[PDB]
There are 2 protein chains.
Amino acid sequence: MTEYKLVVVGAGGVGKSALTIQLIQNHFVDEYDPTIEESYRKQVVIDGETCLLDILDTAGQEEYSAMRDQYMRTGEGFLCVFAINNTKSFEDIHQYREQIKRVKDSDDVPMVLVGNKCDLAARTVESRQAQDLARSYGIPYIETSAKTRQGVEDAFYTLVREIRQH
Amino acid sequence: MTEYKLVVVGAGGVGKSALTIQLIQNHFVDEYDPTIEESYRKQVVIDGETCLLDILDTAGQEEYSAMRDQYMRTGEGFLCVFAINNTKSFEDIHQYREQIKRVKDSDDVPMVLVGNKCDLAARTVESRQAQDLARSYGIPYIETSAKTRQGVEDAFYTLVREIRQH
Ligand SMILES: Nc1nc2c(ncn2[C@@H]2O[C@H](COP(=O)(O)OP(=O)(O)NP(=O)(O)O)[C@@H](O)[C@H]2O)c(=O)[nH]1
Ligand SMILES: Nc1nc2c(ncn2[C@@H]2O[C@H](COP(=O)(O)OP(=O)(O)NP(=O)(O)O)[C@@H](O)[C@H]2O)c(=O)[nH]1
Ligand SMILES: [Mg+2]
Ligand SMILES: [Mg+2]
């Protein structure tokens with residue numbers, strides 16, 4: 001069956017994991033639990049096609065440096081997450097994008113920008129700001145809550161759909 | 001606020017209306033009720049942006065001929081629906097696409113192809129067939145059920161998102 005090798009990337013603490021566990025296990029994780037690397041495989045149906053979601057959950061910062069090159073060479077599509085109440089995670093998006101273009105020999109790589117935690121009142125990252133960025137990158141933007149589950153399927157399925165169209 | 005002038009197009013009986021009423025009124029309409037033309041306006045939030053969904057629901061066939069040119073000149077994005085158990089509605093998609101390119105002076109117009117009624121066992125339109133078509137048009141494809149509500153938000157929001165990116 002078609003397999004879609006997806007990897008979830010972004011700054012430490014932004015909800016990369018809580019977002020992947022909502023998809024696979026249908027529940028919010030409200031725990032302190034920093035990822036070294038996790039992987040999730042799931043037979044799923046998206047728009048009538050039977051496919052396996054092969055997802056890599058990654059680390060926020062760590063000695064993950066050129067340690068990242070290896071999985072960014074193997075991922076087919078990227079979820080690039082920041083938190084809407086953490087301005088420096090929004091800003092670090094440029095570093096993750098460029099390194100993925102660098103190891104990919106590509107300016108067009110399947111990707112979607114995700115502003116997570118849209119449930120929290122108190123954002124510092126305005127959606128206009130983030131949607132303008134997603135437009136400059138030629139990237140769709142989708143806000144999410146791992147807490148509420150708002151948009152989580154929508155972010156993962158839009159990315160499976162960026163990969164169908166490339 | 002941003003307004004997104006969307007119109008729902010396709011063959012008679014395919015679920016264009018049931019799909020629009022699930023979005024606006026949160027309920028399945030399981031009635032025989034052929035549209036001349038209906039319009040729905042709704043203040044909604046999509047990915048943090050406050051916007052009005054101005055949707056035009058249209059007729060399947062009728063004396064709607066160059067009678068369509070007028071609204072296809074005014075719609076910003078199109079939802080192109082067929083039914084997955086009705087081969088000729090899948091086939092009539094080419095006629096709706098081309099006329100929209102014709103009155104639009106455009107090869108790239110925001111659009112998504114929707115195979116509706118994915119709940120019914122007994123399809124005659126295979127998702128590979130329809131996803132290949134959506135790929136040839138440079139269009140995303142999303143299956144839906146107005147009955148179940150599966151994918152309805154997903155089809156309407158992906159189209160609002162095609163319009164953000166154009
Ligand atoms: N309210 C709110 N909190 C969330 C959301 N997503 C995650 N959290 C919280 O944010 C914190 C970090 O979540 P986690 O998934 O561990 O983030 P991470 O990006 O995977 N951290 P890391 O880079 O170290 O692996 C946790 O307290 C989690 O409950 C969200 O949608 N909203
Ligand atoms: N089981 C199933 N039936 C559906 C679905 N969508 C619509 N229907 C049924 O299909 C029939 C037509 O629905 P309707 O919304 O009126 O279609 P239309 O495309 O708007 N007809 P028209 O072109 O004349 O205006 C109705 O019986 C409706 O309940 C769906 O998701 N699945
Ligand atoms: Mg984690
Ligand atoms: Mg109708």
# chains A, B, ... in the order shown; residues from 1 in each chain; ligands from 1
$ residues_around --residues "residue 38 of chain B" --least-positions-apart "4" --cutoff "12 Å" --atoms "only C-alpha atoms" --output "ChimeraX atom specification"
/B:7-8,16-18,20-21,33-34,54-59
$ interface_residues --of "chain B" --to "chain A" --cutoff "9 Å" --atoms "only C-alpha atoms" --output "list in words"
residues 46, 47, 48, 49, 115, 118, 126, 127, 128, 131, 134, 135, 138, 139, 140, 141, 142, 143, 144, 151, 154, 158, 161, 162, 164 and 165 of chain B
$ select_by_dssp --residues "segment 5-166 of chain B" --states "strand (DSSP E)" --output "ChimeraX atom specification"
/B:5-10,38-46,49-57,77-83,111-116,141-144
$ closest_residue --among "B:72, B:1, B:81, B:67" --to "residue 15 of chain B" --atoms "only C-alpha atoms"
B:81
$ atom_distance --atom1 "atom CA of residue 78 of chain A" --atom2 "atom CA of residue 163 of chain A"
9.6 Å
$ atom_distance --atom1 "atom 32 (N, counted along the ligand's line) of ligand 1" --atom2 "atom CA of residue 74 of chain A"
28.7 Å
$ select_by_dssp --residues "chain B" --states "helix (DSSP H, G or I)" --output "PyMOL selection string"
chain B and resi 16-25+69-74+87-91+93-104+127-136+152-165
$ closest_residue --among "A:96, A:137, A:32, A:64" --to "ligand 1" --atoms "only C-alpha atoms and all ligand atoms"
A:32
$ closest_residue --among "A:97, A:73, A:123, A:147" --to "residue 10 of chain A" --atoms "only C-alpha atoms"
A:97
$ residues_around --residues "residue 52 of chain B" --least-positions-apart "4" --cutoff "6 Å" --atoms "only C-alpha atoms" --output "PyMOL selection string"
chain B and resi 3+42-43
$ write_last_selection --atoms "N, CA and C atoms" --output "PDB file, in the first residue's frame"
ATOM      1  N   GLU B   3     -13.812  38.122   3.005  1.00  0.00           N
ATOM      2  CA  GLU B   3     -14.975  37.388   2.541  1.00  0.00           C
ATOM      3  C   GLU B   3     -14.450  36.475   1.463  1.00  0.00           C
ATOM      4  N   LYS B  42     -21.949  33.110   6.326  1.00  0.00           N
ATOM      5  CA  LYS B  42     -21.587  32.753   7.702  1.00  0.00           C
ATOM      6  C   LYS B  42     -20.204  33.227   8.149  1.00  0.00           C
ATOM      7  N   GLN B  43     -20.259  34.040   9.215  1.00  0.00           N
ATOM      8  CA  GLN B  43     -19.128  34.603   9.963  1.00  0.00           C
ATOM      9  C   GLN B  43     -18.537  33.350  10.623  1.00  0.00           C
TER      10      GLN B  43
END
